[PDB]
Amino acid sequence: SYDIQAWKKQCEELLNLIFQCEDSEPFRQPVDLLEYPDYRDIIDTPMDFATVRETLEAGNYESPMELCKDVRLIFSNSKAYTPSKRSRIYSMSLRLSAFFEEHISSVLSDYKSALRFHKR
């Protein structure tokens, strides 16, 4: 299955699944400064799933690796903001990260395989 473009609809599908997960609620929109006015003191580069979906739909990812880097930044920002590993929102981030990694694995493998076939 050597389709170089297939990753994009596969990532749209996976983002739909992540938006159906109750565990994504805190990560569906950029963090609000009013409620967390010190957020930018802690977090250099904010990221959320609506920004990832918009970047994809605009045609501003070249590869599923770039999308994966932004999704992993949502989870690292959560781990860096949490006061404890026993926090509600950090706990939601760890379950969502395990779901994301389970599903993105084949998307990355199939893409890299398609690019190797193209250069064969």
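Numbers for residues come from their place in the sequence shown, where the first is 1. If you superpose the two forms and keep the largest set of C-alpha atoms that fall within 1.5 Å, you have the rigid core.
Peer 1: Out of 35-43 and 51-59, which one drifts farther from the shown form in 8 other deposited structures of this protein in terms of CA positions, with the fit done on the rigid core?
Peer 2: Higher average C-alpha offset in 8 other deposited structures of this protein goes to 35-43.
Peer 1: Between 91-99 and 78-86, which has its CA atoms farther from the current form in 8 other deposited structures of this protein, using a rigid core superposition?
Peer 2: More C-alpha displacement in 8 other deposited structures of this protein shows up in 78-86.
Peer 1: Do the CA atoms of 17-25 or those of 96-104 have the higher mean B-factor in the entry?
Peer 2: Per the PDB record, 17-25.
Peer 1: Mean C-alpha B factor from the entry: is it higher for 80-88 or for 56-64?
Peer 2: Of 56-64 and 80-88, the stretch with the higher C-alpha B-factor average is 80-88.
Peer 1: Select lowest, middle or highest to describe the third in which the CA B-factor of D48 falls within its chain in this entry.
Peer 2: For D48, the deposited C-alpha B-factor lands in the middle third.
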